[PDB]
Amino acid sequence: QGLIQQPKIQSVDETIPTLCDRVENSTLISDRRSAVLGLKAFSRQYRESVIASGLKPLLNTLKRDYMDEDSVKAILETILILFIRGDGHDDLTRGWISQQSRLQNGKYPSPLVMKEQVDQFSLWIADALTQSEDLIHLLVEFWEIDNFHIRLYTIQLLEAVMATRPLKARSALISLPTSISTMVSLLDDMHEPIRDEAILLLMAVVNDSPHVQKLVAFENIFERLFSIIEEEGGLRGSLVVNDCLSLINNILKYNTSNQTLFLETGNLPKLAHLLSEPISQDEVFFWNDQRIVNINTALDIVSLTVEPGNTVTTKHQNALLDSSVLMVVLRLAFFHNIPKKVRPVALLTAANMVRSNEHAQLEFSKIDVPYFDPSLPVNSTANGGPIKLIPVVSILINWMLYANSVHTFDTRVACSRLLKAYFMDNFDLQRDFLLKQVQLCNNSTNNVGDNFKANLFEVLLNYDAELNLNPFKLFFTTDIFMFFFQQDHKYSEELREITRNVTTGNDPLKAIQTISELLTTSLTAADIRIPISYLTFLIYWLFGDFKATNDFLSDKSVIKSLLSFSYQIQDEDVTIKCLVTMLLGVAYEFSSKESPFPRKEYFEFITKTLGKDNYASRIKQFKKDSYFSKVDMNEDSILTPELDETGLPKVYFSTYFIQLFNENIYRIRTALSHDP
């Protein structure tokens, strides 16, 4: 309504104020209503004029005309228009409102949504609606009106104020009892867009609010959200499923009671059913960014319930084990048709499920995964069955060690973290694993050794000429053995001793001397990872282990090579040079009178050649001026690391080595000093 050229000065001074007057004062709803539509037209051009002039009248006429549907509807449209000037195509900025309820409160397909807008004018409207506890209560009462647009416009307006003044709006909404129950009931609304919009407002309201988390939980919401998810096609739903999952996430995050509620009320079978969607003989599940995000959000919900350090973790872990969830997430980890971004997430979810739980770990050790066909399989029974069952632990070790090219580094470190979750705080399972692993090595060195791969001893004690093409294979191997060797670990001595007393044939010969030969041979290797892995391993092994120091010292030829190697041009290989130096120092510190290279003989041999100053210097130089110096002191931020020209992660040091060095840096540096 109007014309094209209307000078601002007449509109502000004469028309809007007159219309504001008519909205509040006309004694005929008909003319009040009509004044609102007059304001609604000016709201597109003269937003702020109408906010200043129009707002209090609009809100006053809204409390008066609240039983009149056309009156309520026209005022709600007008406020929504006023909320933002806005770049986009909708004057009511409803797209912006939904996007704020998602981005502010959930994790959405980042690629698929590459998108301040809120003014002093927004905040004016937001405070006008917020100061008034009664206006909030009025809006809530509008959900009883039998009008689609009013119910939707009310949800949207509340989303707008929750995106601008959440604490006041959340405060007001809680004050009305019955308020949440009503919101949850919008999920049953006959009209789909009210159901959809209500998931977004629920996300906004329960976010960072334990009070609302418990309030929403008591409204039987899990049952509702899971029917919407199955009704929209599960993982193959798009945003509504993301919203449903995102809302399930916000109701459980940091709410143990809500978590134990979710598990005990028959949700697991539902979550399992949804997680299990991508695995069918029938179709080839179609993967895109939305379905990746849906499943990962689903996996995250499993993870929440079993966050380590909470008192309920064991309970939750045990609960998840008493369903199909573990088996289903391990299918997602191992199945062929699974995106790279999903595999690691499934692997670390399983790791949270089993970490430090005998019952979870002992069940884990019995899980087998179906595989298809070998060489020369006649499908007929007489030849056999083309299906083979492989133990999950074997696949982890295989993927960890030999799955370069086909699997991402992230999957390989997830495999490493799941294995550590499996062995965590379970000495018996650690011992049985190593003992089984040494048998298999003795078939590769004795029975058929001299006339798929999952053996750590094979890697640690054999020479691979092409190791430079898969350096991380060695890095993982040393990192698992250091993990086992932890001094602070219960009965680590037994595990050290089993690894020490292994004999081989390569390049009979015990583990520490075989690794020594492998080390010295490695000082000339393309990848500096290879030498760092052996060096840090042996330093770790020798540190506080007299029998390991004696095995090392029992071969003067190796100490000669290491001393020779330590003499390099001042800039050439300062990291190897210091690690070699550190090895000899540490070997000195746990040398005794009856070490095969006697202490005082080995002391003279090291001190005369290198010097008490040059040693201490090269320990100090290792901390401050080597590869070691620039490592982030993160226990679990080796996932998604920085890359090389070659394309290799910038990962050199196992965390156990870093912890050992940092915790005894003084003792290392002063090994040659003072001691006899």
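Numbering starts at 1 and follows the sequence shown.
- In terms of unmodelled positions of the deposited sequence, the stretch from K115 to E116 in this entry skips 1 to 3 residues.
- Going from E466 to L467, you skip over nothing: the modelled chain follows the deposited sequence without a break.
- Of the two segments examined, 513-521 and 343-351, it is 513-521 that shows the higher average Cα temperature factor in the deposited entry.
- Higher mean CA temperature factor between 331-339 and 584-592: 584-592, per the PDB entry.
- If you compare the C-alpha temperature factors of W287, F457, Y567, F481 in the entry, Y567 comes out highest.
- In the PDB entry, the Cα temperature factor peaks, among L304, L80, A382, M424, at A382.
- Split the chain's modelled residues into thirds by C-alpha temperature factor. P531 is in the lowest one.
- Looking at the C-alpha B-factors along this chain, the one for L660 belongs to the middle third.
- Remark: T18 belongs to the middle third of its chain, ranked by C-alpha B-factor as recorded.
- In the deposited entry, the Cα temperature factor of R195 sits in the bottom third of values across the chain's modelled residues.
- The entry lists a Cα temperature factor for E277 that places it in the lowest third of the chain's modelled residues.
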